[PDB]
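For reference, the chain that follows is the form deposited in one PDB entry, supplied as structure tokens.
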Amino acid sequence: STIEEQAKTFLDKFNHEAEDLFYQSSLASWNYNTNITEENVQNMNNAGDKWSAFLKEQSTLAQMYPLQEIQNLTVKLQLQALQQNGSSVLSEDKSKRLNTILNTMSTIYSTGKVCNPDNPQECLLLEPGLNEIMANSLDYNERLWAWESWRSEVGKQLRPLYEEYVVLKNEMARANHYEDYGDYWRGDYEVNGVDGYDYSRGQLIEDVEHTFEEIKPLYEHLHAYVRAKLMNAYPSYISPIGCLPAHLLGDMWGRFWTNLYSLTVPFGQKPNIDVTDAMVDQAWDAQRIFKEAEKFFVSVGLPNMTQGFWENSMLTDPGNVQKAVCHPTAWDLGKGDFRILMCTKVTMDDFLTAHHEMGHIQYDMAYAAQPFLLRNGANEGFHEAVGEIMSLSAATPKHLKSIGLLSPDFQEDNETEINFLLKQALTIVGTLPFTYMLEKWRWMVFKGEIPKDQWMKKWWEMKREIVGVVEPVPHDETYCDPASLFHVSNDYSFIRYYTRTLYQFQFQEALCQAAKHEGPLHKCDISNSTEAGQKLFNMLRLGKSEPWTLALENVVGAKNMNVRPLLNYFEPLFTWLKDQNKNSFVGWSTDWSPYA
């Protein structure tokens, strides 16, 4: 028998045996997030440990088939997925200690709380205590306190744990034939085998930096406009040529500038497009929100939601009689079981979120015919990009008027559109330098280019130069500000949020061309467009079988990420910002600080 034919029959045994254990583990964690009890937290771990122990057994069994002896590219991808040693490449004690520090970091991040020196009886954790301050407060000292206390209290505890976290993760990646842990994460975009569609792990660094240079002009003008508005909010605190203080950006880390809309709104006189009160007056329930969202995907050619979706999803909060996690998630348990976990409220923000999460389900339903190890997005950024393009079309005034949520006589002025693009830019383009700089710092740390005695020294040197953000108070090596973010201390790659952002606008521009859109790109709604739905479905069905460069080409016609579609979305705002900054300073000096 051919090694290729022995591996195919082995994958058949695996796909049937893994599909059953994965369903038991997925349903076990569902029964916990929808019914938080001690009996369900152990059933989640028991079915979870059984699936983990099963994956290790099939891992060493799959390694006895030489990957070089396989010529079929599809079966070659499945073997490589199982042959990953993962955390078992460590010794029994190093792997045991790695999970100990990973749990200690995750614990102190979620349970750490800081207390007010002015009122020691007032102690707040990150959510909702400190996040409410960073998002609403206009007091410089109150924000500076919450920003510094979070990085000096729970940040300093993560410093010794993150040091051991780096050395242990490097011993894993270097043992799995990788340069470092950063090289391990970049392997998600690696394509090796298809002529004309390959992509190396180092190519990601080259492409992310090349596309970021074209984002600088749009970001520099947004930075200059926000800084001018922030000086009116915090006089005698911000320099017209210096970087923005970190504690004045809208959240704990400056990841999103969304909370700065009230301070940077271009035209506050124009009416806000909030249809929240409209649905409340039309007697809408959570069933109508998801029924209307279901009708949206059907209007583009995609199928309805399965019966099991309407029978098993938790679309409302069960209340104090059944505690549940309210994070909007789209569950793909396998075996035709698709669910959505969301504590839906009759608001516009939940209306758009329902389109995002149901977009994930349409992606999951499409590649359900693929084998088990191939039922996933093209890369880590493809899944979030598909969900985001749905909320863009569903949020346009043309779509809200056609459904009946906006009045038919709502005038769309050129200032209402600048208001919308400015709010979009504070969230979308404002996070791009933050995302790139953060992952750039971790890439250098894993590669060994930033020594331990200058982790925070190099961290803020990059914050000033790349993001244009200066720390309000100096931090030595005792701090660990990057670990004060969830994704860093919880072992998650962060470059996915940069790539998905460029993907979603490449998808939108590509779909609106198939949708025969004629106006600006931000006013496009792909509703009632069966052509745009067929163009998108041709990529959703691929799953992870074809390379992401090929899957991306099936919709946008390009083998790599492109920034031009992102700039066309914010093009009306970019020319407006240049006019606003004609008497302002565009750029920043990396030397000014609010404490020199």
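Residue indices: 1-based, along the sequence shown. C-alpha atoms forming the largest set that superposes within 1.5 Å between two forms make up the rigid core.
The protein also exists as the form solved in complex with a partner chain; that form is not presented, and the subsequent description refers to it.
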- Task: Would you check, heavy atoms only and a 4.5 Å threshold, whether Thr549 touches the partner chain in the deposited complex?
- Result: no
- Tell me, yes or no, whether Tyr178 is in contact with the partner chain in the deposited complex, where a contact means a heavy atom of each within 4.5 Å. yes
- Does the partner chain get within 4.5 angstroms of any non-hydrogen atom of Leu373 in the deposited complex? yes
- Though only this chain appears here, would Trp576 touch the partner chain in the deposited complex if you measure heavy atom gaps against 4.5 Å? no
- If contact means any heavy atom within 4.5 Å, which of 375-383, 455-463, 472-480, 217-225 contacts the partner chain in the deposited complex? 375-383
- Task: Heavy atom within 4.5 Å of the partner chain in the deposited complex: which of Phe351, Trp150, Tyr184, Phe434 fits that? Just give me the one.
- Result: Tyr184
- Task: Could you spot which one of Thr316, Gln282, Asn103, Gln287 gets a heavy atom to within 4.5 Å of the partner chain in the deposited complex?
- Result: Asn103
- Message: Against the rigid core, a Cα displacement of 2 Å or more between the shown form and the other one applies to just one of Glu214, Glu461, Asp118, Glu209. Which?
- Response: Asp118
- Residue shift check between the shown form and the other one, rigid core fit, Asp195 Cα at least 2 Å: no
- Return yes or no for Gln411: a CA shift of at least 2 Å between the shown form and the other one, with the rigid core superposed? yes
